[PDB]
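For reference, the structure discussed in these notes is given below.
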Amino acid sequence: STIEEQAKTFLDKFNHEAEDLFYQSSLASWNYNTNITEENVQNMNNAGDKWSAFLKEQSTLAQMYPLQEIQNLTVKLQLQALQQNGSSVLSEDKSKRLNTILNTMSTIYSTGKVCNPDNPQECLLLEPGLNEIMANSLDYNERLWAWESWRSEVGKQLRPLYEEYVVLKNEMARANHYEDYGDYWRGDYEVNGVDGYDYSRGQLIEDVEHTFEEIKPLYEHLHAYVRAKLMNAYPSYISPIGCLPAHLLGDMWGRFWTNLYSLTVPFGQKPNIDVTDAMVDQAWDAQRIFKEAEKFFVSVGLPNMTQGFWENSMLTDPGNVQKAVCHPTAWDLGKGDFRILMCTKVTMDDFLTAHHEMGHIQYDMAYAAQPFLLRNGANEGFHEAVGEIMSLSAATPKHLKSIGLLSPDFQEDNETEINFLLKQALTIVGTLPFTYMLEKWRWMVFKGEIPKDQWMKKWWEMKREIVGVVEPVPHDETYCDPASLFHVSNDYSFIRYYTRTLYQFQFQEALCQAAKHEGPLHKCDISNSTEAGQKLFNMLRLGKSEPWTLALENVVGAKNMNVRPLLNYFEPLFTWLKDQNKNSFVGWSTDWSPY
Amino acid sequence: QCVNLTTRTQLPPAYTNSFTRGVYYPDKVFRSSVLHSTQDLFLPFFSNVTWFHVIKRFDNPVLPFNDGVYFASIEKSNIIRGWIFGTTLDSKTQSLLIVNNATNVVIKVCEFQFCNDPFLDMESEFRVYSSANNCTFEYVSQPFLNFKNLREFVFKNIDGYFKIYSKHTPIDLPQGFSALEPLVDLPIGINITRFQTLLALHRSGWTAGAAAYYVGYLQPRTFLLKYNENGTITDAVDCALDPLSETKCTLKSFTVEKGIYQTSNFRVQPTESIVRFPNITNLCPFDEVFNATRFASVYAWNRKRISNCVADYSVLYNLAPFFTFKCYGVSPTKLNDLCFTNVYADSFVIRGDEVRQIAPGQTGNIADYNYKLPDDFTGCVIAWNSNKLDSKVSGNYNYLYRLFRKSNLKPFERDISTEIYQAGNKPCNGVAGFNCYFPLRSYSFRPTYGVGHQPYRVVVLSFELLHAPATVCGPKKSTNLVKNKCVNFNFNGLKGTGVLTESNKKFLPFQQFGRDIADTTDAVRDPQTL
Amino acid sequence: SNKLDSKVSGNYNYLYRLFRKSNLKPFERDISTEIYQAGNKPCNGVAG
Ligand SMILES: *[C@@H]1O[C@H](CO)[C@@H](O)[C@H](O)[C@H]1NC(C)=O
Ligand SMILES: *[C@@H]1O[C@H](CO)[C@@H](O)[C@H](O)[C@H]1NC(C)=O
Ligand SMILES: *[C@@H]1O[C@H](CO)[C@@H](O)[C@H](O)[C@H]1NC(C)=O
Ligand SMILES: *[C@@H]1O[C@H](CO)[C@@H](O)[C@H](O)[C@H]1NC(C)=O
Ligand SMILES: *[C@@H]1O[C@H](CO)[C@@H](O)[C@H](O)[C@H]1NC(C)=O
Ligand SMILES: *[C@@H]1O[C@H](CO)[C@@H](O)[C@H](O)[C@H]1NC(C)=O
Ligand SMILES: *[C@@H]1O[C@H](CO)[C@@H](O)[C@H](O)[C@H]1NC(C)=O
Ligand SMILES: *[C@@H]1O[C@H](CO)[C@@H](O)[C@H](O)[C@H]1NC(C)=O
Numbered sequence: 019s020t021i022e023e024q025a026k027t028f029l030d031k032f033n034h035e036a037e038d039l040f041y042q043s044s045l046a047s048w049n050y051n052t053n054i055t056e057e058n059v060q061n062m063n064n065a066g067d068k069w070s071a072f073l074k075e076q077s078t079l080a081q082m083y084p085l086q087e088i089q090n091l092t093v094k095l096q097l098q099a100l101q102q103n104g105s106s107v108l109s110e111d112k113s114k115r116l117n118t119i120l121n122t123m124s125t126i127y128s129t130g131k132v133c134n135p136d137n138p139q140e141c142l143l144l145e146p147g148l149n150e151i152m153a154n155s156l157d158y159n160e161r162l163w164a165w166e167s168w169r170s171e172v173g174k175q176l177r178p179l180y181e182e183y184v185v186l187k188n189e190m191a192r193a194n195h196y197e198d199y200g201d202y203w204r205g206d207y208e209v210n211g212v213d214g215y216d217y218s219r220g221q222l223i224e225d226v227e228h229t230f231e232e233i234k235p236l237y238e239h240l241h242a243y244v245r246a247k248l249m250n251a252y253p254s255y256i257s258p259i260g261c262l263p264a265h266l267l268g269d270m271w272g273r274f275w276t277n278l279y280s281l282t283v284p285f286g287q288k289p290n291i292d293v294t295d296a297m298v299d300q301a302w303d304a305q306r307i308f309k310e311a312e313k314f315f316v317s318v319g320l321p322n323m324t325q326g327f328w329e330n331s332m333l334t335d336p337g338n339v340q341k342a343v344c345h346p347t348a349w350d351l352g353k354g355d356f357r358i359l360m361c362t363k364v365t366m367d368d369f370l371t372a373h374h375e376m377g378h379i380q381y382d383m384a385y386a387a388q389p390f391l392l393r394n395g396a397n398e399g400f401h402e403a404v405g406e407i408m409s410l411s412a413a414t415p416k417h418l419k420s421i422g423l424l425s426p427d428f429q430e431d432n433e434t435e436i437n438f439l440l441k442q443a444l445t446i447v448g449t450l451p452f453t454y455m456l457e458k459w460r461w462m463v464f465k466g467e468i469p470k471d472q473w474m475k476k477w478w479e480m481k482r483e484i485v486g487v488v489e490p491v492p493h494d495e496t497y498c499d500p501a502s503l504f505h506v507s508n509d510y511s512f513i514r515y516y517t518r519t520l521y522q523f524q525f526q527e528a529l530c531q532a533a534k535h536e537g538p539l540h541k542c543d544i545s546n547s548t549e550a551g552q553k554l555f556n557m558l559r560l561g562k563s564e565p566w567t568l569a570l571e572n573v574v575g576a577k578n579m580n581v582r583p584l585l586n587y588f589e590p591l592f593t594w595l596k597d598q599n600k601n602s603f604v605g606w607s608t609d610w611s612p613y
Numbered sequence: 014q015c016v017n018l019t020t021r022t023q024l025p026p027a028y029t030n031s032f033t034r035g036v037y038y039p040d041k042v043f044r045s046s047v048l049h050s051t052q053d054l055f056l057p058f059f060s061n062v063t064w065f066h067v068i077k078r079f080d081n082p083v084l085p086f087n088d089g090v091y092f093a094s095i096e097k098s099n100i101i102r103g104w105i106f107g108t109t110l111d112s113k114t115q116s117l118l119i120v121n122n123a124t125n126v127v128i129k130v131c132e133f134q135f136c137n138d139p140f141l142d153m154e155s156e157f158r159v160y161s162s163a164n165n166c167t168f169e170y171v172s173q174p175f176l185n186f187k188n189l190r191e192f193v194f195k196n197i198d199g200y201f202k203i204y205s206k207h208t209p210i215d216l217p218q219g220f221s222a223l224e225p226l227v228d229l230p231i232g233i234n235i236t237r238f239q240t241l242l243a244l245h246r247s257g258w259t260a261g262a263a264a265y266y267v268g269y270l271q272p273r274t275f276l277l278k279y280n281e282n283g284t285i286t287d288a289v290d291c292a293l294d295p296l297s298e299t300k301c302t303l304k305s306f307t308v309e310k311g312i313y314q315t316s317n318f319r320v321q322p323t324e325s326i327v328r329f330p331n332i333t334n335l336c337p338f339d340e341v342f343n344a345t346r347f348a349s350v351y352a353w354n355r356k357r358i359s360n361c362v363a364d365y366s367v368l369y370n371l372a373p374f375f376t377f378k379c380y381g382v383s384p385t386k387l388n389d390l391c392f393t394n395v396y397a398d399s400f401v402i403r404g405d406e407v408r409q410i411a412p413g414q415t416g417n418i419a420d421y422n423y424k425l426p427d428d429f430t431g432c433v434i435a436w437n438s439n440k441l442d443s444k445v446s447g448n449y450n451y452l453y454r455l456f457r458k459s460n461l462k463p464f465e466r467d468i469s470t471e472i473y474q475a476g477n478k479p480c481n482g483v484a485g486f487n488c489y490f491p492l493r494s495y496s497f498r499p500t501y502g503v504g505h506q507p508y509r510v511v512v513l514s515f516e517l518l519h520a521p522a523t524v525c526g527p528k529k530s531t532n533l534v535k536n537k538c539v540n541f542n543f544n545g546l547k548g549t550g551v552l553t554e555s556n557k558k559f560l561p562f563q564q565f566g567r568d569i570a571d572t573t574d575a576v577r578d579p580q581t582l
Numbered sequence: 438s439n440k441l442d443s444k445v446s447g448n449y450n451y452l453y454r455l456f457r458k459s460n461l462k463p464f465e466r467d468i469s470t471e472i473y474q475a476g477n478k479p480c481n482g483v484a485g
C-alpha cells in the first residue's frame, strides 16, 4: 500500500517486456550484422523504432513519482536510470534538429573522402585507404598532406555543425537539472544514498587530474624516447626541446602509438613473442582457437559456453555472397543469448581479441540474475576493463607455452620483455594524455569556460602541455580539429577508456595478488588459479546493482581511482627508460621550435 | 604390509567322513538322566567335511560361511592361530578378526584392508592387514590352547550375535563322541558370508609343519540328546538321517522294540512361487499428458486428475529424453506397488534457469507467483528439453507467466487474473501507467538459446490419498503359471500352497475357484489364461 | 528434542538411508555408501 511497493511492482514487468523487445531489437541488429540486406535494415529500423519508442513511451510513464521516498537501492537506481530525459526534454522541433545534427555528422564522417587535387577520377575513403598510408608510409610531406587536407575539408564542414551541437547539448543538460553536458557523462559514475561509497560527479575531473599527475613522469620518459627514436627517422624536423609534430603520431589523432613499434624498436634483431606461424602449422581453426580459450576461462573459475553460443555465433568470414559486418563485437542479446560477432583470423591479435570479446560475453551472464535495466556494468569502465585484463594474461609467454603455442625451449630474455612492455606502453600510457585532453576539452566547452572564438587556440596550447605534441601550422577558428574523431562527432563517451585503463591494471594486480604470483605484473598470469576467478566473479555478478566504488573495493580494496598498478606494470620498462634518457631531455617545451 | 607366498602346491580338495562330531550344548540349563530334543543349526551326521592339510602344502583359501561352520584342527605344536570374517574382506565393508597369540586371545572388529595372504610368524612378526579406520568392538581374554591336540569350534551368526563353542580332546577324524561347550558371545551385528584362517609360519625360506584342519557346514535340523546322570551329553540321534533314527526320534528312545511304527509323512515340498493377476488393461492415459501437442502456460498450468485406471510409471521412467526426473517424498522405485487415490498431472513450460524453482521450499518468479509446491509434497517432477517444439525463430510468444501478486501463491493454486495490479497509494484503475503494469508477462522463446534458457516442458505429479477407495494401482507382475509341481500360489489374493496341475473340470463361466467336500480350495482359475 | 536437534537454517548432521537392494536382518547395521542402482545401466561410480 506504500509508494515504495509501487516501484517494486514497476520494474520486473518493465524488465521482462524489455527483454522480449530488446532481444528482437538485438536479434534484428544481429540479423542485420550477420547478413546485410534491405529487409534486415528495416527490421532493425522497425525494432529500433519500436525499442526506442518503448523506452520513451515508458519514460513518459516513469517520471511522476518522487524518488526520495524509495529506500531499495537497486529499485531507486533502476528508476533514476529510466527517468533520465535524454532527448525527450527538448521540444519536438529542437529534438528533430538535434537528431539530424547527430545524423549529419555521421553521414559526413562515414562518406568522408579525401583525394588529391587534379586527380578526381577516383577518390579514397578514410577508413579503407587513408588508414593504410597513415602508419606504413614514411614520407613527411605526404603524411602531412593527408593530415592537413582531411582536417581542412572536414573541419570546415563540422565547425558550424559542432557549434549547434554544443549549444543544443548544453541546453538539454540544463533542462535536465544538470550544470553541463559534461556532467551528464559524469552522471554515469554518480553514486547516491550509499555511505562510504558515495561519489560526486564533479569529483571526477580532479580525480582524473590526481591520477594523471603520476602518469606524466612515466609519459614524459616515454615521449622523450619516442622523440629520440623519431629523431633518427626525422633528423631535423623535430626539435630536441619542442613537441612532436601532430602528423607523426602513427595516427591522425595520435590516439594509438602501437604503429610506432617498427619506428621505435629497441632490439629489432631479436624475434618477437608472436607464434602465429605455429597457429597455421598446426591448423588452429577459429573453432579450436575459441575452444583453447574455453579451456583457459574454466581454468580461472569462470563458467564455460552454452550450446546456443556455439551454434549461432559466427567465428569465420561467411564468404563473398554473404556480406557481414566484420567488426569484433560481443552481443548480449538478452534472455540468455550471448553471441560473439567476429570475422576471426588465424593470428595472434585475433586470438587476443577472442579473449577480449568472450570476456565481454563472460561479463554478460554474470549479471544474468540481475534485473534487465541493471543488466549493465556499474560504470562504463568495468565492461571494457574486464575484457582488457584477460587479453593481458593471454599475451603472456607462459600461457602460450601452456597451450603449446610457444615452444618450451624458448628463452624469455630481458629484451623481449622490454620490447613487449614498450608496445603496451604505446597503447596504454601513450593514449592517456590524449584520452584526458579530449574529455577535459569537452568538459569545458560544455561548461563555457573556453571562449567561443578561442576553441582551437585553447585546444593546441594544452596538447603541447598535456600530450607534448605541436601543431604543424596554426589553425584558425574556421576549422574544427577536435570533431574529426569518431567518438566526439557521434556523441560517444571518451572518459570510458581512461577509467578502463586504470581498472585494467587495478584488476590485474588484484587478480595477480589473489593468484599468488611470485613475479612482476607483466609476467603474471591468472591461469590455473581457482581463487582468482571467484574474486573476479564478485563484481561481475553485481553488475550495476552496487556502486562501482563498492565493486572496486571488493576487488582492489579501494573505492577510488588508483594508479599504482599501472606504474608497477611498466616499472621494469620505466627504469629502462630512465637509463637511456640521460642523453635526451625528459619533458618538452610549449614553443613551436620544431614546427 | 603384505608378503606374497609362492611355494604352494596345487591339489583338489579332499573329503572325509564327519561321523558323529559337531554336537554342542544347546542351552545353559543343567539336565540329568533326560532325553531332550532340540531344534537348531547342527552339523549332519556322517556328512562330507572338507579336509585341508598343510606341510609343501599351504592351504588358506576363501570359504563360504552359509548358516554356520564347524571347525576342527587335529594339531600338534599349534600352528593354526585364528580366523577372519566378512563379506568382501576389505575396508569397503565391516570385517571381523580373531587372533590367539602366545600370551592371550585378541578379538577385534574393525574395517581392515586384509592382505592377500594373511599370516603370522617363537613368534616375532605380524602380517594380517594394512589399515583399520573405524574400529567398533574390541576384546581380550585367556588363550584357548603323533598328533595330540584336537580342537573343535562352532560359529553362528544369528540376530547379530556371534556364538562360539569349543572343546579340547587329547588323542582322519576319530571315531568318537564328545559334546562342545559354549565359549564366548559377541554382539558384532555385521553381515558374514565368507571366512578365512590364520597361520603362523616357521622359518628355519619358511617351512610348514604337518597340520590338518577340517571345515563343515551346519544345517537346521532336530537332534535327540541323551544326558547321563552327571549332566554330560553321551549320545545323540540325528532325526533326519535314516528311517531308523526317525523312529527313535519319534519314540523318544534309543532302543526300538520289534514292530511297525508310524514316524512322519512324505512331503514333495514345492519349488516356485507363482503369483497371477488379470491382464494389464485399463491403462492410465499418460500419453496425452507428455505426448501432448500443446502445453499450457506456467501461470495457467493445466491440472489433470487421473483415476479409475492402472498407472504404469515404468513407462515414464524408461524414456531417456526425460532428463530431469526429480521425485520428493516418495521413492521412484516403489511408485508401481504403491497405490494412490488420485494423481494430479501439472503441466507447464518454463525457461531453463527457473527449473530449480519447481521444488518445495524454493523461491523465485515461478515458485512464488506461478507455481508453488508445498513443503510436504509427495510426488515427482519430470523435465525434458522442448527447444524443437516450443521455440520459433521469430519467437514463441504463446507462453505467458505471472510475476506479481500481493502474496506468494498457495500450493497447488492457479491464478489467471488479468486485472492491472494495484500496489500502493494512487489507484491504477486499469491503466498501464507509472507503477501500474499488466500482471502477466509472456515467455518468448527462440531456438537460438543455450541450455540455461531453452523452453522446458515440466510436468509435476501430485500424489494424494483420500477416504475414497484408491482406484489408481500399479501393474502387478504375473510369473508364468507353473504346473505339475508344488508352488506357493497367490491368485487374486487367494494364498495357499500345493501342486498346480491341469484340470478336466468344467467350471461355469462366472465361477472363479472351486471347493471340495472338505470346504477347501482345490480348483482355481488363472486370471491370465482362463 | 526440538530444542537441541533443530537448527534455524537446518540441521543436516542426521542422515537416513533411502535406497537398498534388500531389507536388513533384525538388529543389523548397514554403513555402505555405494551409489544405489535402480536401472539396468550399471552405475560405474556415477550418480546419474
Ligand atoms: C541473408 O540475409 C537475409 C535477410 O533477411 C537473411 O534472411 C538470411 O538468413 C541471410 N543469410 C544467411 C546465410 O544467414
Ligand atoms: C530492495 O529490493 C531489491 C529488489 O529489487 C532487493 O534486491 C534489495 O535487497 C532490497 N533492499 C532492501 C533494503 O530491502
Ligand atoms: C523529464 O521531462 C519531464 C518533462 O519536462 C519532466 O517532468 C521530468 O522531471 C524529467 N525527468 C527528470 C528525471 O527530471
Ligand atoms: C560446460 O560444463 C558443464 C559442466 O561442467 C558441462 O555439462 C557442459 O557440457 C559444458 N559445456 C560444453 C560446451 O562443453
Ligand atoms: C636485462 O637484464 C640483464 C640482466 O643483468 C642485463 O644483463 C641486460 O643488460 C638487461 N637488458 C636490458 C635491455 O635492460
Ligand atoms: C592448467 O590446467 C590445465 C588443465 O588440465 C592444464 O592442461 C595446464 O597444464 C595447467 N597449467 C599448467 C601451467 O600446468
Ligand atoms: C560326498 O560327496 C560325494 C560327491 O558329491 C558323494 O558321492 C558322497 O556320497 C558324499 N558323502 C556323503 C557321506 O554323503
Ligand atoms: C559321575 O561322577 C561320579 C563321581 O564323580 C562317577 O563315579 C560316575 O561314574 C560319573 N558318571 C558317569 C556316567 O561317568
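Those protein sequences? They're chains Y, Z and S, same order as listed. Using the UniProt record's numbering, the letters of the first sequence correspond one by one to residues 19 to 613. Using the UniProt record's numbering, the letters of the second sequence correspond one by one to residues 14 to 68, 77 to 142, 153 to 176, 185 to 210, 215 to 247, 257 to 582. Using the UniProt record's numbering, the letters of the third sequence correspond one by one to residues 438 to 485. Backbone N, C-alpha and C define an ideal beta-carbon position, used for all residues, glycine too.
Ranking Y:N64, Y:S547 and Y:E37 by CA distance to the CA of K313 of chain Y puts Y:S547 first. For ligand 1, a non-hydrogen atom lies closer than 6 angstroms to the CB of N53 of chain Y. Not one heavy atom of ligand 1 is found less than 6 angstroms from the C-beta of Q42 of chain Y. Taking a contact to require three or more Cβ pairs closer than 8 angstroms, the stretch 511-525 of chain Z and the stretch 545-556 of chain Z do not qualify as touching. When 9 angstroms is used as the limit between beta carbons, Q102 of chain Y is near no residue of chain Z, the shortest such separation being about 15 angstroms.
Contact between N422 of chain Z and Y369 of chain Z is ruled out by a C-beta separation of about 26 angstroms, above the 8 angstroms threshold. Residue contact check for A484 of chain S against chain Z: no CB pair falls below 7 angstroms. Here the alpha carbon of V343 of chain Y sits roughly 56 angstroms from the alpha carbon of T385 of chain Z.
With respect to chain Y, the C-beta atom of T376 of chain Z has no partner C-beta closer than 7 angstroms. Ranked by how close their Cα comes to the Cα of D382 of chain Y, the residues Y:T445, Y:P321 and Y:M455 have Y:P321 in first place.
Residue environment: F356 of chain Y is assigned as buried (16 or more neighbouring CB atoms within 10 Å of its CB, all protein chains considered).
For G399 of chain Y, no beta strand (DSSP E) segment is defined; the enclosing uninterrupted segment is the alpha helix (DSSP H) at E398 to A412. At a cut-off of 7 angstroms between beta-carbon atoms, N330 of chain Y makes contact with chain Z.
Taken through DSSP and simplified to helix, strand or coil, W302 of chain Y comes out as coil. Sequence-distant partners of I379 of chain Y (beyond 5 residues in either direction) whose C-beta falls short of 7 angstroms from its own C-beta, in its chain, are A348, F356 and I358.
Taking 7 angstroms as the cut-off, the beta carbon of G413 of chain Z is found no closer than this to the beta carbon of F515 of chain Z. A direct Cα-Cα distance of roughly 6 angstroms separates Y269 of chain Z from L56 of chain Z.
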